[PDB]
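Here's the structure we're looking at; comments come further down.
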Amino acid sequence: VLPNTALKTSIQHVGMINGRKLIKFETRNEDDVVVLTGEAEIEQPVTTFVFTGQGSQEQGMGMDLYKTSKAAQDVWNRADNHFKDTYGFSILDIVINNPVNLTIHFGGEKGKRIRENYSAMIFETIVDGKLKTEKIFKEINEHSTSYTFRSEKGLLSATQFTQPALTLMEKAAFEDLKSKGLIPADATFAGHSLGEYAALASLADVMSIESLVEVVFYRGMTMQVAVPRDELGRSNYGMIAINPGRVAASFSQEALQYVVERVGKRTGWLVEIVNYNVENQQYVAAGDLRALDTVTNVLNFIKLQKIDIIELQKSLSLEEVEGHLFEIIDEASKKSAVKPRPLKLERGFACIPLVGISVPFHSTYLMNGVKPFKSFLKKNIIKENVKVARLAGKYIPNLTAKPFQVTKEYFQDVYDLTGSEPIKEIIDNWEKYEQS
């Protein structure tokens with residue numbers, strides 16, 4: 001009831017969501033009343049979500065939310081229904097209790113469950129870290145009663161059950177916020193190298209959860225078994241990290257480069273200026289710790305270049321390969337992680353592996369620019385034009401699809417961007433196994 005001068009009273013309350021959070025409040029009066037309802041608007045802050053980084057393994061893992069959100073509930077029931085029809089067991093039992101090292105042995109009884117299980121969905125997995133026709137981790141011959149998994153630190157480990165676990169929890173957990181509607185329409189596609197999958201598995205998803213947990217468990221097996229090594233059990237790879245080291249930032253980018261001239265290693269995923277990963281090749285870490293423990297003996301950016309490195313380092317790296325055969329890491333102004341994997345050394349280990357797995361299920365009719373902000377790793381946002389970094393990553397299909405094309409048409413709709421993206425996002429997913 002609009003007019004002029006003598007004023008009013010009010011109230012204030014933070015209500016809704018829709019996409020944002022709204023702001024529900026009305027006003028009293030020069031009669032403590034109301035005649036134009038209540039202000040609404042939308043209280044939206046800076047949209048920046050994130051996903052995991054696969055170092056958060058433990059027993060519990062969001063099981064309180066499992067009963068809480070009904071949206072998460074059937075989602076949690078989904079893959080456990082689904083993947084047991086792939087491979088009979090309860091994934092939700094894995095997170096309820098760790099099957100400590102006596103894990104599930106998969107009874108898989110002689111009746112017609114066998115042809116779904118003691119059958120297809122296993123041994124069709126293949127690796128290519130050796131010569132290519134290398135089917136995965138056998139005794140899934142014709143009968144194969146009761147194949148077992150075994151992990152000596154609890155089952156929820158070995159990067160074979162850890163990978164489907166965390167992408168199941170948070171994708172369900174993210175949906176709870178999408179249940180309550182607490183995310184804006186355009187946001188951040190933030191995850192870390194498998195949480196990037198659960199950015200694609202989450203918001204602007206193109207796959208199903210069932211398809212997700214398949215290919216996650218695919219690469220979960222694949223990232224484990226890449227090293228044919230030491231049949232009692234170990235492998236000669238690994239991962240370490242370090243702080244800035246009496247100043248830094250490409251301090252070691254040439255130093256390790258003089259060691260990859262010799263033996264073989266990489267940088268890991270370069271997450272911070274404080275924080276860097278280094279893939280180990282066991283003698284590498286027993287080598288370059290000695291190489292870097294002389295650096296903390298004070299030597300700053302001083303006198304001239306090219307008169308230099310590993311001559312002081314190869315006195316010590318080759319010194320310790322003979323002190324014991326399978327060496328070990330240490331501390332000494334550094335620390336070690338724990339795997340036998342890599343993040344780039346596998347390199348071409350995917351493709352005929354991973355993309356061939358990704359060839360099934362994934363692409364064709366897979367949304368549009370709902371994910372035009374899909375910043376995957378080793379890139380800078382998801383934009384379809386001249387993504388030339390494809391050539392600077394892996395120009396396999398990204399060449400025939402590139403140079404021969406370069407606007408195949410005049411960039412039409414339908415799938416001209418999308419099927420191109422269906423290659424490209426898969427291609428974005430392609431070297432994600434490697435390319436640290």
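We did not get these values from a lab; they are worked out from the coordinates using the rules stated. When we count neighbours, we look across all protein chains shown, and the Cβ atoms used for this are built from the backbone with ideal geometry, even at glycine.
Identify which of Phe349, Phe149, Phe373 has the largest mean-square fluctuation in a Gaussian network model of the chain, with springs joining Cα atoms closer than 10 Å. Result: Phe149 has the largest fluctuation of those listed. Rounded to the nearest 20 debye, the dipole size of segment 76-132 about its Cα centre is 180 debye, using +1 on the Cβ of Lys and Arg and -1 on the Cβ of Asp and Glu. For the pair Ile42 and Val388, the difference between a 0.36 nm per residue extended length and the Cα-Cα distance amounts to 120.6 nm. Starting from the Cα gyration tensor of segment 142-266, take the square roots of the eigenvalues, sort them a ≥ b ≥ c, and report rounded, prolate or oblate (rounded when a/c is under 1.5, otherwise prolate if a/b is larger than b/c, else oblate). Judged from the Cα gyration tensor, segment 142-266 comes out oblate (a/c at least 1.5, b/c at or above a/b). When the P(r) is computed for the chain, the part past 27 Å accounts for 63% of the Cα-Cα pairs. Shape annotation for segment 249-300: C-alpha extents along the principal axes are 26, 25, 16 Å, from largest to smallest. Normalised Debye scattering of segment 215-342 at q = 0.09, 0.11, 0.19, 0.21 Å⁻¹ gives log10 I(q)/I(0) of -0.28, -0.41, -1.13, -1.34, counting only Cα atoms as equal scatterers and leaving out solvent.
Extending 7 Å from Cα along the Cβ direction at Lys138 and again at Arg246 yields two label points whose distance is 5.4 nm.
Its DSSP H runs of at least 4 residues, each contributing -39,500 (n - 2.57), put the calculated 222 nm mean residue ellipticity of the chain at -7000 deg cm²/dmol, to the nearest 500.
Principal semi-axes of the equivalent ellipsoid, √(5λ) from the alpha carbon gyration tensor of segment 1-77, are 45, 15, 10 Å from largest down. Only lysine pairs 8 or more places apart or on separate chains count here, and in segment 286-372 those with Cα atoms under 29 Å apart total 12. Scaled against the 2.2 N^0.38 Å expected of a compact globular protein of N residues, the Cα radius of gyration of segment 85-156 reads 1.21.
The Cα center of segment 333-367 and the Cα center of segment 153-216 differ in position by 16 Å.
Centre-to-centre, using Cα atoms only, segment 1-69 and segment 223-295 are separated by 48 Å. If you wrap the tightest convex hull around every Cα atom of segment 357-436 and split its volume per residue, you get 91 Å³. Of the chymotrypsin sites (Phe, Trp or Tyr not before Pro) found in segment 244-308, those that fall in a DSSP loop while having at most 13 other beta-carbon atoms within 10 Å are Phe301. Distances between every pair of Cα atoms in segment 35-127, grouped in 10 Å steps from 0 to the bin holding the largest one, split as 12, 27, 29, 15, 7, 6, 3, 0 percent. Each peptide among 405-412, 382-389 gets the average number of other Cβ atoms lying within 10 Å of its residues, and from highest to lowest they stand as 382-389, 405-412. Seen from every direction in turn and averaged, the convex hull around the alpha carbons of segment 286-436 projects onto 14.0 nm². Geometric descriptor of segment 61-219, per residue, is 132 Å³ (volume of the convex hull of the Cα atoms). Under a no-solvent Debye model with one identical scatterer per Cα of segment 181-249, what's log10 I(q)/I(0) at q = 0.23, 0.26 Å⁻¹? Those come out to -1.02, -1.15, one per q. Of the trypsin sites (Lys or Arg not before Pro) found in segment 91-176, the ones in coil according to DSSP and having at most 15 other Cβ atoms within 10 Å of their Cβ are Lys110, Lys112, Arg113, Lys130, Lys132, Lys138, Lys153. Between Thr407 and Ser333, the modelled label-to-label distance comes to 5.5 nm, taking each label 7 Å out from Cα in the direction of the beta carbon. If you take all other residues with their beta carbon under 13 Å from the beta carbon of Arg113, and give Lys and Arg +1 and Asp and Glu -1, the sum is +1. Against the empirical 2.2 N^0.38 Å (N residues), segment 391-436 has a Cα radius of gyration ratio of 1.21. Counting only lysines at least 8 places from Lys138 when in the same chain, those with an alpha carbon closer than 17 Å to its own are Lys130. Counted over the chain, the DSSP beta bridges are approximately 90% antiparallel.
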